[PDB]
Amino acid sequence: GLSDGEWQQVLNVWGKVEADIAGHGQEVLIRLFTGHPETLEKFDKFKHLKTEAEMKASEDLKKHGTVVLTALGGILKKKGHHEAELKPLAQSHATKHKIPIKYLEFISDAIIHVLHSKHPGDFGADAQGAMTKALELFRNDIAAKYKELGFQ
Ligand code: HEM
């Protein structure tokens, strides 16, 4: 549950992402894959990437980063009223991709890391607080659907 002022912070931060969605999305995925190499194994189309240089050179990885961040941005812009947008993603991630909730925690922290790396000194404590709460809400609503499905 976020206040109006917290949502305002989230959507202000998101403007930084929307200025370069592909660059942010690329770096988010690289932070996830290099920090948590088991996550790469869930992607049949990226498992061939052995080095970070290959990850950086991959145009398809940047494309997928755009897909991921476009979806998250659509959810965040709903300011919590995201049941219709979140349901298909919870269902596909539990039943087809088999993504444990832990990996959604990993990517949430990766987003925070990338924002500080690309905007050092321009991602303040209030903005970090609000972004963190928004990603927690996203993860928590996914977790509820995972429990419904019995997925671990
Ligand atoms: C911010 C969180 C994330 C968002 C919004 C997101 C969004 C999406 C979207 C929109 C798709 C394509 C449509 C679909 O299959 O439902 C997708 C595909 C996928 N997601 Fe996620 N995702 C997230 C996190 C993750 C994480 C943490 C993993 C694994 C560690 C992952 C693994 C996958 C895989 C395996 C695919 C299929 C890729 C393919 O072969 O084309 N996702 N995701």
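Structure determination for the deposited model, as stated in its record, used X-ray crystallography, and the stated resolution is 1.40 Å.

Trainee: Got a sec to walk through the site of the ligand? Specific residues and values, please.
Mentor: In the region of the ligand, 16 residues are neighbours, and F43, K45, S92, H93 and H97 sit closest. Here an oxygen atom of the ligand sits 2.7 Å away from a polar atom, N or O, in the side chain of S92. Between the ligand and the protein, one listed contact pairs an oxygen atom with a side-chain N or O atom of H97 at 2.8 Å. Breaking the shell around the ligand down by element, the ones donating at least two residues are α4 (59-76), α5 (83-95) and α6 (101-118). In terms of residue count, the dominant contributor to the shell around the ligand is α4 (4 residues).

Trainee: Tell me what's going on with unusual backbone geometry, and back it up with residues and numbers.
Mentor: Within the chain, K79 stands out as a residue other than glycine whose phi angle is a positive 50°. Relative to the helices and strands, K79 resides in the loop between α4 and α5. In this structure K79 comes out as partly exposed when scored by relative accessible area, which is 40%. For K98, which is not a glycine, the phi torsion comes out positive at approximately 60°. Positionally, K98 belongs in the loop between α5 and α6. Residue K98 is classed as partly exposed on the basis of its relative accessible area, which comes to 44%.

Trainee: So what about the coordination of the iron atom of the ligand? Which residues, and what values?
Mentor: Working reference: metal with six octahedral donors, ideal angles 90 or 180 degrees; metal with four tetrahedral donors, ideal angle 109.5 degrees. You will see that the iron atom of the ligand has only one donor from the protein, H93 (NE2), lying 2.2 Å away. Looking at where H93 falls in the secondary structure, it is placed in helix α5.

Trainee: Before we move on, can you summarise α5 with the specific residues and values?
Mentor: Taking 1.5 Å per residue, 13 residues should reach 18 Å; α5 reaches 18 Å between its end C-alpha atoms and fits that length. Along α5, the residues that are buried comprise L86, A90 and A94. Summarising the axial view, the buried residues of α5 lie within an arc of 55°, below the 170-degree limit, and thus occupy one face. Opposite its buried face, α5 presents the exposed residues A84 and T95, each directed more than 90 degrees away. If you follow the buried residues of α5, they end up packed against α4 and α7 (125-149).

Trainee: Provide a residue-level description of the side chain of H24, including the pertinent values.
Mentor: Structurally, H24 is set in helix α2 (residues 21-35). There is a polar contact of 2.8 Å between the side chain of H24 and the backbone oxygen of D20. Leaving out residues up to four positions away in the same chain, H24 has contacts with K16, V17, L69, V114, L115, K118 and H119.

Trainee: Report on the layout of surface pockets, specifying residues and quantitative values.
Mentor: Looking at the largest pocket, its volume works out to about 710 Å³. Contributing to the lining of the largest pocket are 27 residues, with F43, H64, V68, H93 and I107 lying nearest its centre. Every element with two or more residues in the lining of the largest pocket is listed here: α2, α4, α5, α6 and α7. The element that contributes the greatest number of residues to the lining of the largest pocket is α4, accounting for 7 residues. For the lining of the largest pocket, the per-class residue count stands at 19 nonpolar, 5 polar and 3 charged.

Trainee: Which residues make up the UniProt feature "binding site: nitrite" in the chain, and what values go with them?
Mentor: Here the UniProt-annotated "binding site: nitrite" positions come out as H64. As for its placement among the helices and strands, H64 is situated in helix α4. For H64, the contacting residues outside a window of four places in its chain are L29, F43, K45 and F46.

Conventions used here
- Residues numbered from 1 in each chain as written, not as in the entry; some residues may be left out.
- Heavy atoms only, no water.
- Near = heavy atom within 4 Å.
- Polar contact = N/O pair within 3.5 Å; in protein donor to acceptor, adjacent residues only side chain to side chain.
- Helix = DSSP H or I, 4+ residues; strand = E, 2+ residues; numbered from the N terminus.
- Buried < 20%, exposed > 50% of the residue type's maximum accessible area, 1.4 Å probe, protein only.
- Donors = N, O, S within 2.8 Å, 3.2 Å for Na, K, Ca; no water.
- Expected span 1.5 Å × (residues − 1).
- Arc of directions from axis to C-beta.
- Contact = heavy atoms within 4.5 Å.
- 1 Å grid on protein atoms, 1.4 Å probe; cavity = no way out; pocket = protein on both sides within 12 Å on 5 of 7 lines; lining within 4 Å.
- Points joined across faces, edges and corners; volume = space filled by probe spheres on them.
- Nonpolar A, V, L, I, M, F, W, Y, C, P; charged D, E, K, R; others polar.
- UniProt positions renumbered as here; feature names shortened; annotations may be inferred.

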